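The form deposited in one PDB entry is given below as one chain in structure tokens.
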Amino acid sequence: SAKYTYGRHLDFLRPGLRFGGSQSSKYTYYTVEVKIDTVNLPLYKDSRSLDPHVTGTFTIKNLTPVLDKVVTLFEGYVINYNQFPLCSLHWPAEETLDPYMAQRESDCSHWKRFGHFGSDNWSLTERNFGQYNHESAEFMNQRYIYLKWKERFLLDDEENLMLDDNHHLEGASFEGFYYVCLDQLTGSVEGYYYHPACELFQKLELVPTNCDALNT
């Protein structure tokens, strides 16, 4: 059928959901909190919409001795293998999506790093790297969901500035985006920050922290 069947949300990707965890660096792990603010997954397989599928807040705590909190607002897209395939170069050719572009080798390696794909049919030059078959379940019916998140604004301590790739804080820079993977069976999230000018594989780990509140 011409529609995606699910609001247009997931159990572990819905407005109001909070996650906690960390982002790694070579010296230590840093506390991270994420709040999902909006979720608007596509209704149509042949969608024309370019509106972000997810928005939220990302907070990193105790980053340097003199910087106790960095709060950003991010937007993002959920890979659906159709309008939004695994390879960014095959996303709609629209300037609003430029911040999510990477080399096809970068996308392929990062998605494969989460470790959930099969070993068959890999192809660097196919838009889903060979990993989406028409008998595959539609994206929301698979165990693992793939997303990219791009931070666009720096917020104040009460959740200020528009970010850009060439200006930064002492302790945090903003040139890249996150590859993200959500396990729909457990709610666990992993991610990797990526930009070619930055060291590879700063790793995000998150688990939902307010499921009890949402379920009561």
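One-based numbering along the sequence shown. Note that the rigid core is defined as the largest set of C-alphas that superpose within 1.5 Å between two forms.
The same protein has a further form, the form deposited in another entry, not shown here; the description that follows concerns it.
Chemist: Quick one: lay the two forms over each other on the core and tell me which of 49, 31, 184, 40 moves its CA by at least 2 angstroms between the shown form and the other one.
Modeler: The answer here is 49.
Chemist: Once the core is aligned, does residue 152 move its Cα by at least 2 Å between the shown form and the other one?
Modeler: No, residue 152 moves less than 2 Å.
Chemist: Say whether the C-alpha atoms of residue 50 and residue 45 sit closer together or farther apart in that other deposited form than in the form shown here, given that their separation changes by 3 Å or more.
Modeler: Pair moves closer in that other deposited form.
Chemist: Against the shown form, C-alpha atoms of residue 48 and residue 57 in that other deposited form: closer or farther, for a change of 3 Å or more?
Modeler: Relative to the shown form, the pair is closer.
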